[PDB]
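Structural overview
So you can see what is in the structure, the chains are spelled out below.
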Amino acid sequence: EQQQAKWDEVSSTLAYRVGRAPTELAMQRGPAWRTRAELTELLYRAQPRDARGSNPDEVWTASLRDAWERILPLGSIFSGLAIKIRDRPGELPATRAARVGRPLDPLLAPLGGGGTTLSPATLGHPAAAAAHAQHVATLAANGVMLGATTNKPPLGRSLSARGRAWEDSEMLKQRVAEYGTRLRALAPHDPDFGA
Amino acid sequence: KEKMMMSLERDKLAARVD
Amino acid sequence: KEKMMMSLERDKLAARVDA
Amino acid sequence: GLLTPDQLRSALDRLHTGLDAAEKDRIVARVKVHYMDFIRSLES
Amino acid sequence: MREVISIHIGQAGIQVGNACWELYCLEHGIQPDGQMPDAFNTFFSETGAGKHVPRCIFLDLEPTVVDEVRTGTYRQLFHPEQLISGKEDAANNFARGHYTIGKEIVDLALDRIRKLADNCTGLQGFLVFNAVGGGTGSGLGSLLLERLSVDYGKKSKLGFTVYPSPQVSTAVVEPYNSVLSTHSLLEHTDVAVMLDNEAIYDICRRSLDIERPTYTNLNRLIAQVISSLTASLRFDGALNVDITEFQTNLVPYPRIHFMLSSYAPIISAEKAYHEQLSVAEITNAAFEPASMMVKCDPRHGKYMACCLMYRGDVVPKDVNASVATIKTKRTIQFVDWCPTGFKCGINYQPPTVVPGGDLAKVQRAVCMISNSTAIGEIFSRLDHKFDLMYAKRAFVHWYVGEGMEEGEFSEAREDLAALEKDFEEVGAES
Amino acid sequence: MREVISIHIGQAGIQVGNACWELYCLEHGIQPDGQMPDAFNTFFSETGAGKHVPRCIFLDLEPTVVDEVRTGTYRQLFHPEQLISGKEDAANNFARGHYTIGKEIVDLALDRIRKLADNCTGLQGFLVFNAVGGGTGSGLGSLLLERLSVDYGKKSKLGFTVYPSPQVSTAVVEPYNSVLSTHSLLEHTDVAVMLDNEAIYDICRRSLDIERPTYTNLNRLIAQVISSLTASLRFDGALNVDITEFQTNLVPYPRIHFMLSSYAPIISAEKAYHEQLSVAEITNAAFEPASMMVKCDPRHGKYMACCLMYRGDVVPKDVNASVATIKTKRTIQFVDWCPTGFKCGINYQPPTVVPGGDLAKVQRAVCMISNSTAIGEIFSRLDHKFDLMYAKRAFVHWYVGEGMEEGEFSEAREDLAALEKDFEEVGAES
Amino acid sequence: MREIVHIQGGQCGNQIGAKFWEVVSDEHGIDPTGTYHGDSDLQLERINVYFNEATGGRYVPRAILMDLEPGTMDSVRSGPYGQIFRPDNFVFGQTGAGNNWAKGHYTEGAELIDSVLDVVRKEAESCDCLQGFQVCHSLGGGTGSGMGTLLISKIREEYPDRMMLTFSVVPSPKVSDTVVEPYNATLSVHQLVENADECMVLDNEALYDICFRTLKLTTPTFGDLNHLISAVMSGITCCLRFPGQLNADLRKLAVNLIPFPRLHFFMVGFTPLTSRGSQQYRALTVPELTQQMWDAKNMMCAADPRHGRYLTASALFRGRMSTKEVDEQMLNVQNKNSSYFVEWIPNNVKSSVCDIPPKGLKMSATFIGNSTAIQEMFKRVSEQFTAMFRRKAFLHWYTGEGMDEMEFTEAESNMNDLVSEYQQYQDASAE
Amino acid sequence: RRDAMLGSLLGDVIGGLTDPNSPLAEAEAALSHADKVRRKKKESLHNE
Ligand SMILES: Nc1nc2c(ncn2[C@@H]2O[C@H](COP(=O)(O)OP(=O)(O)OP(=O)(O)O)[C@@H](O)[C@H]2O)c(=O)[nH]1
Ligand SMILES: Nc1nc2c(ncn2[C@@H]2O[C@H](COP(=O)(O)OP(=O)(O)OP(=O)(O)O)[C@@H](O)[C@H]2O)c(=O)[nH]1
Ligand SMILES: Nc1nc2c(ncn2[C@@H]2O[C@H](COP(=O)(O)OP(=O)(O)O)[C@@H](O)[C@H]2O)c(=O)[nH]1
Ligand SMILES: [Mg+2]
Ligand SMILES: [Mg+2]
């Protein structure tokens, strides 16, 4: 808690020094990278066989028996080394199956607990993206021009603020939609980490 | 419109056979 | 397809009328 | 574009005519020699 | 096994790759026929009976630079299906490369990326070569890197982007295609190394003592940088420094991942014999602002994290003694929160020299990839360049008619301010 | 001794069989004269002092194409009266080939089959070659299949017949002749292999890079399919397939025996060296929809039974590996009651190339022949062609006059419609 | 895989196109008969851009000759390099417009446009994918002006995704060939401003100035004017037909030179022009080429570049040249006179390098300049128009073809919209 | 299912041709207004 108070005061001083919101700061992008890592790992372990890889040796020699291991040789046959690749499809590894979020850091309170969401509707940052879409639709309907003057520099909001981060991509949206059923087979429920 | 008239003629002829 | 199938049905049933 | 008969034979071999030696000799003999008239003779 | 896949996008991507793949052939002895007369397994894949093919795809909408390779001296090296071509170019239009024309060819691009990834055992990363100031190099590269992040997770992306210079550039619409590409190269690329055109012209003019060099001489010593940063996988050395070391040591915050590049010994044949290639000399010369491949003044900013890639007969002590003098010098300023700034990789092979090349055969070399806050000054040059052109909305209807809405410029410019406000956030002392 | 009588009917069968028997001379080294300068006994009959005559008849009502073989490059190969000609052709008329001008020549043709059957020690099967779009292939083909079923009971028949295409056909009354040939194609042919004309136009255009192909180019790789089918009888291999092996491994039902065909490695002369041919790589191309010999969409149906023939240096490991990938590809769908789905026959003879042929020298090959429910789409569009033609009794006075009744159109359509009912219900989920 | 459709309208278009087609064919190696005689294979790699395959290796051009008189059809056919054209593309009339814009567009235009648009459509579908459309015509005639700009209008709706490039001459103030030159020019510009996506502008008196000053010809013949225009049009498409260090097709030139779709008019110039007596004294180096390129005397328009501020510029360089001496000259020419360049467009100059120089010169350069000096040229045509229009002289010859004076007033007004737009962006400033 | 899709798509296609609330009708109104104002501007310019 000494370090948490120190981090809060460093974030506040940095935010006032540079001119942006504390959640907008670059120091607080840890959970975004964490949920990005979780989405990538769940996607890789929940891809079909052909999206994972159509290697004729790999698929066949992994599926030769109930055990899934492939021997990758290294070096000559005289002094040879073996890589024992174990990869069971449709299941995350025991040391990798974890969906981690933080319910105690207050900067993720609008997100309701920064965590991994596998539904396409709540994928990424939906509320800020909807607010920005409403704002740009209202500005377009009002007919105002925004880049008219060079004397006014734009305010520096982040991709997570505009809903244009990596997680909010339409291409993850369609990929999760098309792999959604086996994604829910691997991961049963997306938890709401707020409470 | 051609199908319905021909179907009416078909089962009319079936009843005629009966 | 349906129209031609029932047309052939009509023709073969009209063969029954001739006898 | 003047060609020699052995060059024409090797050109037919590269073009994969499928002919043997006797028929290649007859085809190159029915036309140094230019190449466009050889094209015309085979073309018509 | 260590195995990389390189992607070359746009007319700058192939022409750098033409100079790149000239060098990797000589490093492993691969002939242009494709036949060697175990270390080659990274950039080459053995095929059938003694034939090695590159692990690369040359994709460009314009067919002019692609079929030049097909009719060039390397017509047997590359797989013909790897060289992906198109009918018409993006024609210096980011909207054409990302919405209209780039949708049809990106499906065929991922069909061979999937084929290349399946054949090789262990991927180590991605090496993208493109120019963000063009149409295909930015627009089609924005779509391609967007595929690779959403499909190939946890595998690092090494970005080598040719970037516009404020002093001179060779297109009117350089501000638009570079600003619009900034969103793609922020979220998707894990490691982005910048390159600038006429900053490396001054390398040839001053160091190589050549007054009128061209793109061919420009890209050869780009390949010196590319080969030196990847040389640790191919050949054994004192400190084996792999691809994943770059992502874990050169970026503290996940969106400020922009780094510089500098090759220390850049000397001609006749200057090589007089000058003594000391390790303390080349390390001092590498950290000199003149030797950077992008226009930055490191005196203006502070170093964030530095990676040093040594080659040749470098003992592990002279690397330590030279870099200890680097920290003592006042003109090299490091950021306050990073006391441990250097990453040293020592390899055991001198750099190869191509026949006819400008560079001489040197015993030792240094390729430094360094993160600095002076890199934000490059984007400030493009900032006022974009806003002055966007004020009157010139050259906009080309982008609007090719699928894009007029609003896309607004969040693209305002995304660039997020990059600028990040650099002078991390540069602020606490 | 494994040995097959092949019969060719109609103008399509002769030109297909001309390129078929051109190929068969090359595997066994037979000269065009007929003299060799124990594998040859399957197709060629040893006669006296080093003379090998084919086990074939060329029956056709039109003498304009039989004499071209008689005056062509292969005059001395054939027996003088195995090639059976006639006075007048059927000229797109099933009535002519079946009732009026077929009766005189069918008795002469059946006399040659009895003498060919006496020469052969153990007869293995018959292969027919005809076009259902023409009069002779439909009419004379139907009567011979009617007669040979009665005289030679329980003997295997493999039907290699050419169907009209939905887009391209060379006459007007193909739909009439095709549906009449269908009534004898079901009951009297134990296996029918689907073949189409302009499906091979797409194969020659996109794979062989031939912009303007003719019928001669089509018949050479139709010959490559049938030669790969019968290659297991002639040559020793790791896993052998017989003519009777196909039937009890591919057709589950008496009324379902139509099946597709695909020959996977198709490369022109100049594309041979740069391409890499792996066992699973070509097998991926075998199941591609564009690489099929007919215009079916296998995604619409389900692969209900399948078979594979391999030639050349293919290990039995890689066939078991490549089948495993195809089974778990989502694009290719199997019927639910067929857990195992394949037959794998590996021959140790690489495919021979015709001198001057379009195909290049390939080490390994696939002859994928599979039974699917998507073949009902071929019978559907062809039936619609007959549907929109028979509606107002067009081109019927020809068929009524010389022998056929009106009521046999009713039986042919009803038998075809019952076949469509069977293809839909067998592929239905249980 | 990129094709350019060439169409020649009028006596001016046919004479320029005949001189042009003998240059590009000599560059690619096509002889007058039509076969190939090139020494290198680089000339053979890209022939489909300007030619079509034929039986026996003949290379018929993608050219369509149209005119309302048969007189100039015999001249292009009987001239050298005139047998190469297809006889089917030689569409012609018999009446002749007689330098009347209404006759070439309303009365006898419609009986010839339906014929030629069938000829254009059959060759447009023959190629795999078009790159743009190229037209050579005039603004003073009736057979190339009224009929030529009608086809430019008609081809626009049929192919709106393709580029329009017009190489059209304008009436000159100092030298006049026809009494009704401004009437045809005012109405041709109104058609050209909305339909054509790019407009390369030429004029006779500036070509006569270049043939007299830079070439020192005491008697510049009528064909020597067309040779300079011929050298330009090969230089614009120099990158489609050959490889290069920096590539720039027609659309890349379009996106770099057109900031707003109405400002598509360009002033053009061909760089290495020197008299034969002064040939051996000149240094053919890229610092020396750039000095001639930006000179006012080398411009092929009546526009003075000193008067008008340059909006955007394009330089298509040909030859084995170092890439820094390409663009360090472009940076130097911007900074030496910053008052002659637009401030609100940074990097006004576009550069492109091709590695195949034209025949006879080891280096070459073609300059395309989008400047607000070109609105000065339209002022004189507007000045000669309203001198004639307020008295309605020579107007009953135009109203007899069904064309009302309603079209005359709006055609003048859109030219006034063009010069008002160029003047407005000229006085435009930052912030 | 095929008949329901059939009825929906014929309904949309045929009703868009005559419906005053159709996007086709909206486009026709916009283009008619454009042509009318263009002709009126041309006539007024000539009169002036
Ligand atoms: N370092 C380096 N940069 C190059 C080279 N060639 C071109 N460039 C850069 O690329 C720009 C030229 O446009 P490109 O980005 O290559 O065009 P493109 O990627 O093909 O996009 P499109 O032309 O629209 O298809 C120039 O401004 C250069 O900065 C080269 O050989 N070396
Ligand atoms: N694939 C292929 N099809 C052929 C060939 N020759 C003919 N055909 C097809 O045969 C159809 C016409 O029937 P044919 O077999 O030629 O003639 P026919 O059945 O013998 O009838 P007649 O000529 O009157 O005796 C055409 O539609 C062609 O598609 C061939 O050599 N190869
Ligand atoms: N530069 C150049 N100008 C030409 C040429 N031929 C005609 N002109 C110009 O075209 C103008 C007359 O156009 P005209 O021939 O009557 O057009 P047409 O009626 O459509 O044939 C004159 O002012 C000439 O200067 C030529 O070959 N070169
Ligand atoms: Mg390009
Ligand atoms: Mg016949």
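Per the deposition metadata, cryo-EM was the technique used to determine this entry, at a resolution of 3.7 Å.

Before going further, it helps to examine the interface of chain G and chain H. The interface of chain G with chain H comprises five residues on the first partner and five residues on the second. When the buried area of chain G at its contact with chain H is split by residue, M406, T409 and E410 of chain G rank highest and sum to 77% of it. At the boundary of chain G with chain H, the tally comes to zero salt bridges. At the junction of chain G and chain H, the tally comes to one residue pair in polar contact. For the side of chain G that touches chain H, the class distribution of residues is one nonpolar, two polar and two charged.

This part covers the sheet that holds strand β12 (residues 364-371) of chain G. Residue and element names in this part refer to chain G. Pairing is mixed across the open sheet formed by ten strands, whose spatial order is β5-β4-β1-β6-β7-β8-β9-β12-β10-β11. Strands with a single pairing partner mark the edges of an open sheet, and in this sheet they are β5 (90-92) and β11 (349-354). Strand after strand, the sheet turns through a mean of 20° between neighbouring axes, direction not considered. Each of β4 (63-67) and β5 touches helix α3 (residues 71-78); the most contacted strand, β5, lies at about 160° to it.

What the rule picks out here adds up to 67 aromatic pairs over all chains. Pairing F379 of chain F with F423 of chain F gives two aromatic rings, centres 6.0 Å apart and planes at 35°, and the pair type is tilted. Of this pair, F379 of chain F sits in helix α13 (residues 376-390) while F423 of chain F sits in helix α15 (residues 407-426); the two residues are 44 residues apart in sequence, bridging distant segments of the chain. Through successive ring pairs, a cluster of aromatic residues spans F20, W21, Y50, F51, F85 and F90 of chain G. Here the basic side chain of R393 of chain E rests over the ring of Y390 of chain E, its NZ or CZ set 3.8 Å away from the ring centre.

Once that is clear, we can look at the packing of helix α13 (residues 374-389) of chain G against helix α15 (residues 406-426) of chain G. For any two helices packed against each other, the geometry comes down to the angle between their axes and how far apart the axes lie. Residue and element names in this part refer to chain G. Where α13 contacts α15, the two axes come as close as 10 Å, and the packing angle between them is 150°. On the basis of the axis angle, α13 is roughly antiparallel to α15. Considering only the axes of α13 and α15, their crossing is left-handed. Contacts from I374, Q375, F378, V381, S382, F385, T386 and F389 of α13 reach α15 at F408, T409, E412, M415, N416, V419, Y422 and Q423. In terms of residue class, the contact of α13 with α15 is built from nine nonpolar, six polar and one charged.

All names here are of chain E. Read from one edge to the other, the open sheet built from four strands follows the order β9-β12-β10-β11, with strand pairing classed as mixed. For this open sheet the edge positions go to β9 (262-263) and β11 (342-346), each flanked by a neighbour on one side alone. Pairing of strand β10 (residues 303-312) with β11, which is carried by five bridges, proceeds in the parallel orientation. Counted as the bridge partner of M309 is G345 from β11.

Glancing now at the UniProt feature "active site" in chain E. All names here are of chain E. UniProt's feature table lists "active site" at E245, given in the numbering used throughout. Among the structural elements, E245 can be located in helix α10 (residues 243-249). Judged by its relative accessible area of 25%, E245 falls in the partly exposed class.

Listed per partner, the contact involves 36 residues of chain E and 45 residues of chain G. When chain E packs against chain G, the two sides together hide about 3900 Å² of surface, and 57% of this comes from carbon and sulfur. On the chain E side of the interface with chain G, the three residues burying the most area are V172, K392 and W398 of chain E, jointly 18% of the side's total. Across the salt bridge formed by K252 of chain G and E62 of chain E, the nearest N and O atoms sit 4.0 Å from each other. At the boundary of chain E and chain G, one finds 16 residue pairs in polar contact.

Moving on, we come to the environment of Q276 of chain F. Along the chain, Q276 of chain F falls in the loop between β11 (262-263) and α11 (279-286). Take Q276 of chain F: its relative accessible area is 34%, and that puts it in the partly exposed class. Separated by 99 residues in sequence, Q276 of chain F and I375 of chain F have C-alpha atoms that sit 32 Å apart. When residues no more than four places from it in sequence are discounted, the contact partners of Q276 of chain F are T47 and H79 of chain E together with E281 of chain F. Side-chain polar atoms of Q276 of chain F contact the backbone nitrogen of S278 of chain F, separated by 3.3 Å.

Moving on, we get to the pattern of salt bridges. Residues and elements named next belong to chain E. Tallying each qualifying case throughout the model produces 71 salt bridges over all chains. Between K295 and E198 there is a salt bridge, with the nearest N and O atoms lying 3.0 Å from each other. Residue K295 is located in the loop between α12 (279-286) and β10, and its partner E198 is located in helix α8 (residues 197-206); the two are separated by 97 residues in the primary sequence. Given the relative accessible area of 22%, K295 is considered partly exposed.

Our focus in this paragraph is the packing of α11 of chain F against helix α12 (residues 316-327) of chain F. Residues and elements named next belong to chain F. Following both chains from N to C, one finds α11 and α12 inclined at 40°, their axes separated by 9 Å at the closest point. The pairing of α11 with α12 is recorded here as oblique in orientation. Pair α11 / α12 crosses with right-handed handedness. Along the contact surface, α11 presents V279, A280, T283 and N284, while α12 presents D318, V319, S322 and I326. Residue composition of the contact of α11 with α12, by class: four nonpolar, three polar and one charged.

Right, let's get into the pairing of strand β1 (residues 3-9) of chain G. Taken residue by residue, a regular strand's side chains alternate between the two faces of the sheet. Residues and elements named next belong to chain G. Burial of β1 is extensive: seven of the seven residues sit out of reach of the surface. Here β1 shows no split at all, with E3, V5, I7 and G9 on one side and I4, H6 and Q8 on the other all buried. Relative to strand β6 (residues 130-137), β1 runs parallel, the two sharing six bridges. Within β6, the residue paired with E3 across the bridge is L130. Bridge count for β1 against β4 is four bridges, and the pairing is parallel.

Next up on the list: the UniProt feature "binding site: Mg(2+)" in chain G. Residue and element names in this part refer to chain G. UniProt records the feature "binding site: Mg(2+)" at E69, using the numbering of this structure. If you trace the backbone, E69 turns up in the loop between β4 and α3. Using a relative accessible area of 29% as the deciding quantity, one classes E69 as partly exposed.

Residues and elements named next belong to chain G. The UniProt record annotates "binding site: GTP" at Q11, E69, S138, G142, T143, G144, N204 and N226. Filtering out sequence-adjacent residues up to four positions away, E69 remains in contact with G93, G96, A97, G98 and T143. Inspection of the secondary structure puts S138 in the loop between β6 and α6 (146-158). Among all residues touching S138, those that are not within four sequence positions of it are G9, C12, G144, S145 and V169.

Before going further, it helps to examine the arrangement of the chains. Taking contact number as the criterion, the leading pair out of ten pairs of chains in contact is chains E and G. Chain G makes no contact with chain C, the minimum C-alpha separation between the two being 38 Å. For chain F and chain H, which are not in contact, the least C-alpha distance works out to 16 Å.

What follows is about the site of ligand 1. Ligand 1 sits among 22 residues. The nearest are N92, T136, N197 and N219 of chain E together with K252 of chain G. At the site occupied by ligand 1, the surrounding residues belong to chains E and G. Between an oxygen atom of ligand 1 and a main-chain N or O atom of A12 of chain E, the distance comes to 3.2 Å. Within the backbone of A91 of chain E, an N or O atom sits 3.0 Å from an oxygen atom of ligand 1. At the level of secondary structure, the elements contributing two or more residues to the shell around ligand 1 comprise α1 (11-27), α5 (136-151) and α9 (215-234) of chain E.

The rules behind each value
- Residues numbered from 1 in each chain as written, not as in the entry; some residues may be left out.
- Chains lettered and ligands numbered in written order.
- Part of a larger assembly, values for the part shown.
- Heavy atoms only, no water.
- Contact = heavy atoms within 4.5 Å.
- Buried area = accessible area lost by both parts, 1.4 Å probe.
- Salt bridge = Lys/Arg side-chain N within 4 Å of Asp/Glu carboxyl O.
- Polar contact = N/O pair within 3.5 Å; in protein donor to acceptor, adjacent residues only side chain to side chain.
- Nonpolar A, V, L, I, M, F, W, Y, C, P; charged D, E, K, R; others polar.
- Pairing = 2+ DSSP bridges.
- Helix = DSSP H or I, 4+ residues; strand = E, 2+ residues; numbered from the N terminus.
- Axes fitted to C-alpha atoms, helices over the stretch in contact; angles between N-to-C directions.
- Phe/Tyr/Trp six-rings, centres within 6.5 Å; stacked < 30°, edge-to-face > 60°.
- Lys NZ or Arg CZ within 6 Å of the ring centre and 35° of its normal.
- Parallel < 35°, antiparallel > 145°, perpendicular 65-115°, else oblique.
- Left-handed = near helix turned anticlockwise from the far one by under 90°.
- UniProt positions renumbered as here; feature names shortened; annotations may be inferred.
- Buried < 20%, exposed > 50% of the residue type's maximum accessible area, 1.4 Å probe, protein only.
- Near = heavy atom within 4 Å.

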